[PDB]
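Enquirer: As input, take input_8.cif (mmCIF, C-alpha atoms and all ligand atoms):
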data_upload
loop_
_atom_site.label_atom_id
_atom_site.label_comp_id
_atom_site.auth_asym_id
_atom_site.auth_seq_id
_atom_site.Cartn_x
_atom_site.Cartn_y
_atom_site.Cartn_z
CA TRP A 1 18.28 31.61 26.09
CA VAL A 2 20.26 29.17 28.31
CA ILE A 3 23.81 28.12 29.26
CA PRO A 4 24.06 24.83 27.26
CA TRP B 1 8.92 9.77 22.15
CA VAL B 2 6.18 11.82 23.91
CA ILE B 3 2.49 12.80 23.67
CA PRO B 4 2.87 16.42 22.38
CA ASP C 1 -4.46 14.83 15.98
CA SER C 2 -3.26 11.64 17.83
CA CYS C 3 0.44 11.96 16.72
CA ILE C 4 3.46 10.98 18.90
CA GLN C 5 6.40 13.39 18.91
CA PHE C 6 10.26 12.61 18.89
CA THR C 7 11.70 15.29 21.23
CA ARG C 8 15.26 15.29 19.74
CA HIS C 9 14.16 15.24 16.02
CA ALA C 10 14.50 19.04 15.31
CA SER C 11 17.96 19.16 17.01
CA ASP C 12 19.11 16.00 15.06
CA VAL C 13 17.94 17.56 11.74
CA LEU C 14 19.83 20.80 12.49
CA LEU C 15 22.99 18.85 13.50
CA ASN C 16 22.89 16.98 10.14
CA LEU C 17 22.30 20.21 8.15
CA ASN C 18 25.42 21.64 9.88
CA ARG C 19 27.41 18.46 8.93
CA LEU C 20 26.36 18.95 5.26
CA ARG C 21 27.44 22.63 5.51
CA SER C 22 30.90 21.68 6.97
CA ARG C 23 31.44 19.15 4.10
CA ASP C 24 30.06 21.66 1.52
CA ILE C 25 27.24 19.26 0.50
CA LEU C 26 24.33 20.67 -1.57
CA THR C 27 25.20 24.28 -0.52
CA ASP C 28 23.59 26.46 -3.23
CA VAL C 29 24.73 29.99 -2.39
CA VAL C 30 27.80 32.00 -1.40
CA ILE C 31 27.28 35.02 0.89
CA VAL C 32 29.94 37.70 0.26
CA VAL C 33 30.77 39.93 3.23
CA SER C 34 33.47 42.33 2.00
CA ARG C 35 36.58 40.19 1.36
CA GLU C 36 35.05 37.04 2.98
CA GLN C 37 32.90 34.29 1.42
CA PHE C 38 30.50 31.93 3.24
CA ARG C 39 28.82 28.91 1.63
CA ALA C 40 25.34 27.92 2.89
CA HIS C 41 21.96 26.39 2.10
CA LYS C 42 19.36 28.98 0.94
CA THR C 43 16.56 27.11 2.85
CA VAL C 44 18.40 27.33 6.20
CA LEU C 45 19.22 31.06 5.67
CA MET C 46 15.50 31.74 4.88
CA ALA C 47 14.37 29.67 7.90
CA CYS C 48 16.61 31.82 10.25
CA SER C 49 16.59 35.32 8.77
CA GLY C 50 13.86 37.76 7.75
CA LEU C 51 16.32 39.35 5.26
CA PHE C 52 17.18 36.01 3.54
CA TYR C 53 13.50 34.99 3.58
CA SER C 54 12.71 38.22 1.58
CA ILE C 55 15.72 37.76 -0.83
CA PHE C 56 15.11 34.12 -1.75
CA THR C 57 11.29 34.48 -2.19
CA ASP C 58 12.07 37.17 -4.79
CA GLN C 59 11.46 35.75 -8.33
CA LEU C 60 14.89 37.03 -9.65
CA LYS C 61 17.08 36.78 -6.52
CA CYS C 62 15.91 33.18 -5.75
CA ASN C 63 18.13 32.08 -8.73
CA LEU C 64 21.35 33.93 -7.77
CA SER C 65 24.34 31.78 -6.65
CA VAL C 66 26.10 34.84 -5.06
CA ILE C 67 24.60 37.43 -2.62
CA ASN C 68 26.64 40.50 -1.64
CA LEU C 69 25.86 42.00 1.77
CA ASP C 70 26.03 45.74 2.64
CA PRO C 71 29.74 46.84 3.04
CA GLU C 72 29.08 48.00 6.65
CA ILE C 73 28.49 44.31 7.65
CA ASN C 74 31.34 42.85 9.67
CA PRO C 75 32.51 39.38 8.42
CA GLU C 76 33.11 38.07 11.98
CA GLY C 77 29.61 39.16 13.10
CA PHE C 78 28.19 37.34 10.04
CA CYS C 79 30.26 34.19 10.77
CA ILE C 80 28.96 34.08 14.41
CA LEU C 81 25.34 34.47 13.19
CA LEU C 82 25.77 31.80 10.45
CA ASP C 83 27.16 29.42 13.12
CA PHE C 84 24.10 30.25 15.30
CA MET C 85 21.69 29.52 12.39
CA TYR C 86 23.14 26.01 12.01
CA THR C 87 23.66 25.16 15.74
CA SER C 88 21.33 27.29 18.05
CA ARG C 89 24.59 28.42 19.83
CA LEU C 90 25.59 32.09 19.82
CA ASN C 91 29.25 33.01 20.59
CA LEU C 92 28.42 36.39 22.20
CA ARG C 93 31.43 38.21 23.73
CA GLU C 94 32.20 41.78 24.97
CA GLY C 95 34.53 42.19 21.96
CA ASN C 96 31.96 41.15 19.31
CA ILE C 97 28.51 42.09 20.81
CA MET C 98 28.16 45.41 18.91
CA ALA C 99 29.00 43.77 15.52
CA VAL C 100 26.73 40.73 16.32
CA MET C 101 23.75 43.01 17.24
CA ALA C 102 24.20 45.22 14.12
CA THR C 103 24.44 42.10 11.88
CA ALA C 104 21.34 40.50 13.57
CA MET C 105 19.37 43.76 13.02
CA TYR C 106 20.36 43.79 9.31
CA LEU C 107 19.60 40.03 8.91
CA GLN C 108 16.29 40.48 10.84
CA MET C 109 17.00 37.80 13.51
CA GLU C 110 14.76 39.21 16.27
CA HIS C 111 15.65 36.70 19.06
CA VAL C 112 19.41 37.49 18.61
CA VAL C 113 18.68 41.28 18.61
CA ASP C 114 16.69 40.78 21.89
CA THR C 115 19.49 38.92 23.78
CA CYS C 116 22.16 41.47 22.56
CA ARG C 117 20.00 44.37 23.83
CA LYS C 118 19.60 42.64 27.25
CA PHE C 119 23.35 41.82 27.56
CA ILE C 120 24.21 45.47 26.62
CA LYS C 121 21.64 46.94 29.09
CA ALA C 122 23.16 44.83 31.95
CA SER C 123 26.68 46.25 31.23
CA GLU C 124 25.38 49.89 31.41
CA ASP D 1 33.16 27.33 24.42
CA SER D 2 31.26 30.15 26.26
CA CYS D 3 28.23 30.18 23.84
CA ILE D 4 24.59 30.84 24.90
CA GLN D 5 21.94 28.58 23.39
CA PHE D 6 18.33 29.49 22.10
CA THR D 7 16.22 26.47 23.19
CA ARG D 8 13.46 26.87 20.54
CA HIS D 9 15.84 27.59 17.55
CA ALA D 10 15.93 24.01 16.07
CA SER D 11 12.10 23.69 16.33
CA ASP D 12 11.63 27.20 14.73
CA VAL D 13 13.98 26.25 11.83
CA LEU D 14 12.06 23.00 11.21
CA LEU D 15 8.69 24.84 11.35
CA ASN D 16 9.94 27.30 8.67
CA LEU D 17 11.34 24.49 6.47
CA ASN D 18 7.86 22.87 6.64
CA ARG D 19 6.24 26.24 5.64
CA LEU D 20 8.58 26.41 2.59
CA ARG D 21 7.61 22.79 1.72
CA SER D 22 3.83 23.58 1.97
CA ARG D 23 4.28 26.61 -0.37
CA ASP D 24 6.60 24.59 -2.68
CA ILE D 25 9.51 27.03 -2.13
CA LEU D 26 13.02 25.93 -3.22
CA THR D 27 11.96 22.23 -3.25
CA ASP D 28 14.53 20.54 -5.54
CA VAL D 29 13.29 16.96 -5.87
CA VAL D 30 10.14 14.91 -6.46
CA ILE D 31 9.90 11.49 -4.75
CA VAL D 32 7.75 9.08 -6.81
CA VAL D 33 5.98 6.36 -4.83
CA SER D 34 4.00 4.33 -7.39
CA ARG D 35 1.26 6.66 -8.70
CA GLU D 36 1.98 9.39 -6.07
CA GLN D 37 4.46 12.32 -6.19
CA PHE D 38 5.93 14.20 -3.21
CA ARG D 39 7.97 17.40 -3.50
CA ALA D 40 10.72 18.02 -0.88
CA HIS D 41 14.09 19.54 -0.08
CA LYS D 42 17.03 17.13 -0.68
CA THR D 43 18.86 18.51 2.44
CA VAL D 44 15.94 17.72 4.78
CA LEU D 45 15.50 14.19 3.30
CA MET D 46 19.27 13.54 3.81
CA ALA D 47 19.14 14.96 7.37
CA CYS D 48 16.28 12.49 8.29
CA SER D 49 16.97 9.33 6.28
CA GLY D 50 19.96 7.03 5.89
CA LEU D 51 18.65 6.03 2.43
CA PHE D 52 18.35 9.66 1.17
CA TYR D 53 21.73 10.52 2.74
CA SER D 54 23.31 7.70 0.60
CA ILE D 55 21.38 8.71 -2.61
CA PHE D 56 22.15 12.43 -2.54
CA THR D 57 25.88 12.03 -1.61
CA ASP D 58 26.20 9.90 -4.77
CA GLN D 59 28.01 11.94 -7.50
CA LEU D 60 25.36 11.06 -10.20
CA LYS D 61 22.16 10.79 -8.11
CA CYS D 62 22.83 14.14 -6.29
CA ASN D 63 21.82 15.86 -9.61
CA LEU D 64 18.54 13.98 -10.27
CA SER D 65 15.28 15.98 -9.94
CA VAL D 66 13.18 12.75 -9.71
CA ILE D 67 13.76 9.70 -7.43
CA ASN D 68 11.62 6.56 -7.86
CA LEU D 69 11.15 4.43 -4.74
CA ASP D 70 10.81 0.59 -4.72
CA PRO D 71 7.25 -0.42 -5.93
CA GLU D 72 6.59 -2.26 -2.60
CA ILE D 73 6.64 1.15 -0.79
CA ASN D 74 3.20 2.30 0.29
CA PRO D 75 2.44 5.99 -0.63
CA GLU D 76 0.53 6.62 2.64
CA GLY D 77 3.41 5.22 4.74
CA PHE D 78 5.79 7.52 2.81
CA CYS D 79 3.48 10.56 3.31
CA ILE D 80 3.35 9.93 7.13
CA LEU D 81 7.18 9.65 7.26
CA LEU D 82 7.68 12.80 5.11
CA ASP D 83 5.33 14.69 7.49
CA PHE D 84 7.41 13.35 10.44
CA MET D 85 10.69 14.52 8.81
CA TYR D 86 9.35 18.10 8.59
CA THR D 87 7.48 18.24 11.96
CA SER D 88 8.87 15.64 14.51
CA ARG D 89 5.23 14.31 14.73
CA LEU D 90 4.43 10.74 13.66
CA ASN D 91 0.78 9.83 12.85
CA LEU D 92 1.09 6.18 13.99
CA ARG D 93 -2.21 4.22 13.94
CA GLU D 94 -3.25 0.51 14.12
CA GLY D 95 -4.30 0.75 10.44
CA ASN D 96 -0.97 2.18 9.17
CA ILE D 97 1.72 0.85 11.61
CA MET D 98 2.85 -2.07 9.39
CA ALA D 99 3.26 0.22 6.31
CA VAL D 100 4.97 2.96 8.43
CA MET D 101 7.48 0.45 9.93
CA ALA D 102 8.28 -1.12 6.51
CA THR D 103 8.77 2.37 4.96
CA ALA D 104 10.98 3.51 7.94
CA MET D 105 13.12 0.34 7.55
CA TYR D 106 13.57 1.05 3.80
CA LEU D 107 14.28 4.79 4.42
CA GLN D 108 16.68 3.87 7.31
CA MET D 109 14.94 6.02 9.99
CA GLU D 110 16.06 4.04 13.05
CA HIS D 111 14.12 6.00 15.74
CA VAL D 112 10.82 5.45 13.82
CA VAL D 113 11.64 1.71 13.36
CA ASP D 114 12.27 1.51 17.17
CA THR D 115 8.90 3.08 18.23
CA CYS D 116 6.96 0.90 15.66
CA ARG D 117 8.61 -2.26 17.06
CA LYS D 118 7.66 -1.22 20.65
CA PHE D 119 4.03 -0.34 19.71
CA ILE D 120 3.71 -3.72 17.85
CA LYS D 121 5.25 -5.72 20.77
CA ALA D 122 2.71 -4.13 23.21
CA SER D 123 -0.25 -5.26 21.00
CA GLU D 124 1.03 -8.91 20.96
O1 LIG E 1 13.53 36.92 13.31
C1 LIG E 1 13.13 36.37 12.28
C2 LIG E 1 13.48 34.98 11.81
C3 LIG E 1 12.73 34.86 10.52
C4 LIG E 1 12.61 33.81 9.60
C5 LIG E 1 11.73 33.94 8.53
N1 LIG E 1 11.38 32.73 7.89
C6 LIG E 1 10.17 32.32 7.44
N2 LIG E 1 9.07 32.89 7.98
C7 LIG E 1 7.90 32.40 7.56
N3 LIG E 1 7.68 31.43 6.68
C8 LIG E 1 8.76 30.89 6.16
CL1 LIG E 1 8.47 29.70 4.94
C9 LIG E 1 10.07 31.27 6.50
CL2 LIG E 1 11.44 30.50 5.80
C10 LIG E 1 11.01 35.12 8.35
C11 LIG E 1 11.14 36.18 9.25
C12 LIG E 1 12.00 36.03 10.33
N4 LIG E 1 12.28 36.91 11.37
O1 LIG E 2 18.21 6.80 11.24
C1 LIG E 2 18.93 7.51 10.56
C2 LIG E 2 18.73 8.98 10.26
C3 LIG E 2 19.90 9.32 9.37
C4 LIG E 2 20.30 10.51 8.78
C5 LIG E 2 21.52 10.56 8.10
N1 LIG E 2 22.04 11.85 7.87
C6 LIG E 2 23.32 12.30 7.99
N2 LIG E 2 24.16 11.60 8.78
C7 LIG E 2 25.38 12.11 8.92
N3 LIG E 2 25.88 13.22 8.37
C8 LIG E 2 25.04 13.89 7.61
CL1 LIG E 2 25.71 15.28 6.82
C9 LIG E 2 23.71 13.50 7.37
CL2 LIG E 2 22.67 14.44 6.37
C10 LIG E 2 22.30 9.40 7.98
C11 LIG E 2 21.89 8.20 8.56
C12 LIG E 2 20.68 8.18 9.25
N4 LIG E 2 20.08 7.12 9.94
CL CL E 3 16.90 34.74 15.89
CL CL E 4 14.04 8.57 12.76
#
Could you spell out this file's structure in structure tokens?
Ligand SMILES: O=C1Cc2cc(Nc3ncnc(Cl)c3Cl)ccc2N1
Ligand SMILES: O=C1Cc2cc(Nc3ncnc(Cl)c3Cl)ccc2N1
Ligand SMILES: [Cl-]
Ligand SMILES: [Cl-]
Expert:
Amino acid sequence: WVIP
Amino acid sequence: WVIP
Amino acid sequence: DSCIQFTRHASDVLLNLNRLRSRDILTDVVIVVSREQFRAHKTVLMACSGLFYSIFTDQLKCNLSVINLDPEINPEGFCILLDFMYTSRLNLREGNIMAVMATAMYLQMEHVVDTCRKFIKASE
Amino acid sequence: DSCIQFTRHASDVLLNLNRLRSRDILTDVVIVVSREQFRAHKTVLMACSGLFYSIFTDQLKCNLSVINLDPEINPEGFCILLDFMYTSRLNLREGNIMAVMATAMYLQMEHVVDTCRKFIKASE
């Protein structure tokens, strides 16, 4: 999971 | 395009 | 093999499937979550959810145009997860995390369940 | 927004759509290319091809279960492009590049047309  |  | 790969292809396909969903094109099922209705493509639901994969591989349920979810399922939690299925983006907030995790457990979306557990653990 | 994004989600969706195609699950169209037949999902074809997008948004053609391609279309070139649609991997070889480029031009798959042009230019 990432900060887009 | 890339070499997978 | 000796194939070449287009890096952005999967993302471009998903973006177009979401555009077809927004315009209600070739959607073949309505998911009923208490008073709320959500139109979608059976193939995308199966590709994202262990529960929908089981439902639509069933010889009788594969032909249904309407699927009713368990009454304990929160419509907002479902909406957030449906948006995630079509975009890869999860709108996870303090006010919705419990409903999102419970819906992801029911839908069998293991990567969503995992991030909800981690975000909850950090707040404890 | 304040969404989180799952990096591998689009790739995982496409992998599952290909698994449904291999098992012939919820495929709703057969593409006829001379003597050869190819089963697929209309939504995936539309998401990958400008030609299929035009065909399946048409009020009469959207309901057809069989689509016949132009007789000049090579079945092997089509097979390679269908595999690309479902995997992001293009099996481009000296022996098939002309057929692949002509099929990609007909199907309106601009990124495939672009790489074929570049690979051809390099060999000149
Ligand atoms: O957490 C998850 C996400 C998910 C999706 C699916 N989907 C598929 N799996 C295998 N082959 C096929 Cl063909 C599909 Cl469609 C099944 C289980 C789960 N669990
Ligand atoms: O080279 C290409 C690849 C391609 C795909 C599509 N597909 C879609 N485009 C816009 N909205 C939607 Cl809903 C879809 Cl399905 C249209 C044109 C082209 N051209
Ligand atoms: Cl997931
Ligand atoms: Cl393309």
Enquirer: Could you please extract the residues within 8 Å of ligand LIG 1 (chain E), counting only C-alpha atoms and all ligand atoms, and hand them back as a PyMOL selection string?
Expert: (chain C and resi 43-54+108-112) or (chain D and resi 13+15-21+23+25)
Enquirer: Could you tell me how far atom CA of residue D:4 sits from atom CA of residue A:1, in Å to one decimal place?
Expert: 6.5 Å
Enquirer: Any chance you could tabulate, as a Markdown table, the residues of chain D at most 6 Å from chain C with each one's nearest atom pair and distance in Å to one decimal, using all atoms listed in the file, in chain and rising number order?
Expert:
| residue | atom | partner | partner_atom | distance |
| --- | --- | --- | --- | --- |
| D:3 | CA | C:91 | CA | 4.4 |
| D:4 | CA | C:90 | CA | 5.3 |
| D:5 | CA | C:89 | CA | 4.4 |
| D:6 | CA | C:88 | CA | 5.5 |
| D:9 | CA | C:88 | CA | 5.5 |
| D:10 | CA | C:10 | CA | 5.2 |
| D:11 | CA | C:10 | CA | 5.3 |
| D:13 | CA | C:47 | CA | 5.2 |
| D:16 | CA | C:47 | CA | 5.1 |
| D:47 | CA | C:16 | CA | 5.1 |
| D:88 | CA | C:6 | CA | 5.5 |
| D:89 | CA | C:5 | CA | 4.4 |
| D:90 | CA | C:3 | CA | 5.2 |
| D:91 | CA | C:3 | CA | 4.4 |
Enquirer: For ligand LIG 2 (chain E), which residue among D:64, D:55, D:79, D:97 is the nearest when counting only C-alpha atoms and all ligand atoms?
Expert: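 Using only C-alpha atoms and all ligand atoms, the shortest distance to ligand LIG 2 (chain E) belongs to D:55.
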Enquirer: Once 5 Å is added on each side, what centre and edge lengths in Å to one decimal does the axis-aligned box around all listed atoms of ligand LIG 2 (chain E) have, as lines of an AutoDock Vina configuration file?
Expert:
center_x = 22.0
center_y = 11.0
center_z = 8.8
size_x = 17.7
size_y = 18.5
size_z = 14.9
Enquirer: Between D:116, D:122, D:104, D:81, which one has atoms that come closest to ligand LIG 2 (chain E), using only C-alpha atoms and all ligand atoms?
Expert: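 Checking each of D:116, D:122, D:104, D:81 against ligand LIG 2 (chain E), counting only C-alpha atoms and all ligand atoms, the winner is D:104.
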Enquirer: Can you tell me which residues surround residue C:99 at a distance of at most 7 Å, considering all atoms listed in the file, apart from same-chain residues fewer than 4 positions away, and format the answer as a list in words?
Expert: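 The residues that qualify are residues 74, 77 and 103 of chain C.
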Enquirer: How many Å separate atom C7 of ligand LIG 2 (chain E) from atom CA of residue D:59?
Expert: 16.6 Å
Enquirer: Find the distance between atom CA of residue D:38 and atom CA of residue D:82 and write it in Å to one decimal.
Expert: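 Pair atom CA of residue D:38 / atom CA of residue D:82 returns 8.6 Å.
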Enquirer: For ligand CL 3 (chain E), which residue among C:100, C:120, C:66, C:31 is the nearest when counting only C-alpha atoms and all ligand atoms?
Expert: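 Using only C-alpha atoms and all ligand atoms, ligand CL 3 (chain E) sits closest to C:100.
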Enquirer: Can you complete the atoms of stretch 4-20 of chain D to N, CA, C and O atoms and list them as a PDB file, in the frame of the given file?
Expert:
ATOM      1  N   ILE D   4      25.927  30.911  24.299  1.00  0.00           N
ATOM      2  CA  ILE D   4      24.590  30.840  24.900  1.00  0.00           C
ATOM      3  C   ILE D   4      23.776  30.075  23.863  1.00  0.00           C
ATOM      4  O   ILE D   4      24.154  30.055  22.701  1.00  0.00           O
ATOM      5  N   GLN D   5      22.727  29.390  24.289  1.00  0.00           N
ATOM      6  CA  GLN D   5      21.940  28.580  23.390  1.00  0.00           C
ATOM      7  C   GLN D   5      20.484  29.008  23.391  1.00  0.00           C
ATOM      8  O   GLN D   5      19.949  29.349  24.441  1.00  0.00           O
ATOM      9  N   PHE D   6      19.756  29.192  22.205  1.00  0.00           N
ATOM     10  CA  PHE D   6      18.330  29.490  22.100  1.00  0.00           C
ATOM     11  C   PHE D   6      17.585  28.168  21.971  1.00  0.00           C
ATOM     12  O   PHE D   6      17.628  27.523  20.922  1.00  0.00           O
ATOM     13  N   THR D   7      16.942  27.742  23.063  1.00  0.00           N
ATOM     14  CA  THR D   7      16.220  26.470  23.190  1.00  0.00           C
ATOM     15  C   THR D   7      15.276  26.129  22.026  1.00  0.00           C
ATOM     16  O   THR D   7      15.317  25.002  21.533  1.00  0.00           O
ATOM     17  N   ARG D   8      14.457  27.095  21.590  1.00  0.00           N
ATOM     18  CA  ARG D   8      13.460  26.870  20.540  1.00  0.00           C
ATOM     19  C   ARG D   8      13.979  27.037  19.098  1.00  0.00           C
ATOM     20  O   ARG D   8      13.187  26.870  18.170  1.00  0.00           O
ATOM     21  N   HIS D   9      15.276  27.365  18.904  1.00  0.00           N
ATOM     22  CA  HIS D   9      15.840  27.590  17.550  1.00  0.00           C
ATOM     23  C   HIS D   9      15.664  26.412  16.582  1.00  0.00           C
ATOM     24  O   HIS D   9      15.160  26.644  15.471  1.00  0.00           O
ATOM     25  N   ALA D  10      16.061  25.172  16.975  1.00  0.00           N
ATOM     26  CA  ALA D  10      15.930  24.010  16.070  1.00  0.00           C
ATOM     27  C   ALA D  10      14.478  23.772  15.632  1.00  0.00           C
ATOM     28  O   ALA D  10      14.238  23.548  14.449  1.00  0.00           O
ATOM     29  N   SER D  11      13.525  23.864  16.574  1.00  0.00           N
ATOM     30  CA  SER D  11      12.100  23.690  16.330  1.00  0.00           C
ATOM     31  C   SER D  11      11.569  24.766  15.376  1.00  0.00           C
ATOM     32  O   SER D  11      10.812  24.438  14.460  1.00  0.00           O
ATOM     33  N   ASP D  12      12.007  26.035  15.567  1.00  0.00           N
ATOM     34  CA  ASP D  12      11.630  27.200  14.730  1.00  0.00           C
ATOM     35  C   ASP D  12      12.161  27.012  13.308  1.00  0.00           C
ATOM     36  O   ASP D  12      11.429  27.258  12.348  1.00  0.00           O
ATOM     37  N   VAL D  13      13.414  26.540  13.171  1.00  0.00           N
ATOM     38  CA  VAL D  13      13.980  26.250  11.830  1.00  0.00           C
ATOM     39  C   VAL D  13      13.122  25.189  11.135  1.00  0.00           C
ATOM     40  O   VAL D  13      12.727  25.377   9.991  1.00  0.00           O
ATOM     41  N   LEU D  14      12.827  24.090  11.827  1.00  0.00           N
ATOM     42  CA  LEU D  14      12.060  23.000  11.210  1.00  0.00           C
ATOM     43  C   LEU D  14      10.659  23.447  10.801  1.00  0.00           C
ATOM     44  O   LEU D  14      10.214  23.100   9.713  1.00  0.00           O
ATOM     45  N   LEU D  15      10.005  24.270  11.636  1.00  0.00           N
ATOM     46  CA  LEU D  15       8.690  24.840  11.350  1.00  0.00           C
ATOM     47  C   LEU D  15       8.729  25.659  10.052  1.00  0.00           C
ATOM     48  O   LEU D  15       7.858  25.495   9.185  1.00  0.00           O
ATOM     49  N   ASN D  16       9.775  26.487   9.887  1.00  0.00           N
ATOM     50  CA  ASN D  16       9.940  27.300   8.670  1.00  0.00           C
ATOM     51  C   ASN D  16      10.254  26.460   7.451  1.00  0.00           C
ATOM     52  O   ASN D  16       9.767  26.777   6.367  1.00  0.00           O
ATOM     53  N   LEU D  17      11.064  25.396   7.599  1.00  0.00           N
ATOM     54  CA  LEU D  17      11.340  24.490   6.470  1.00  0.00           C
ATOM     55  C   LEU D  17      10.032  23.827   6.038  1.00  0.00           C
ATOM     56  O   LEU D  17       9.812  23.639   4.837  1.00  0.00           O
ATOM     57  N   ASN D  18       9.155  23.467   7.010  1.00  0.00           N
ATOM     58  CA  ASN D  18       7.860  22.870   6.640  1.00  0.00           C
ATOM     59  C   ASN D  18       6.971  23.891   5.901  1.00  0.00           C
ATOM     60  O   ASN D  18       6.285  23.522   4.940  1.00  0.00           O
ATOM     61  N   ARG D  19       6.999  25.173   6.323  1.00  0.00           N
ATOM     62  CA  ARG D  19       6.240  26.240   5.640  1.00  0.00           C
ATOM     63  C   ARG D  19       6.705  26.407   4.191  1.00  0.00           C
ATOM     64  O   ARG D  19       5.870  26.548   3.304  1.00  0.00           O
ATOM     65  N   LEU D  20       8.032  26.346   3.945  1.00  0.00           N
ATOM     66  CA  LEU D  20       8.580  26.410   2.590  1.00  0.00           C
ATOM     67  C   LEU D  20       8.115  25.185   1.790  1.00  0.00           C
ATOM     68  O   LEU D  20       7.722  25.335   0.639  1.00  0.00           O
TER      69      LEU D  20
END
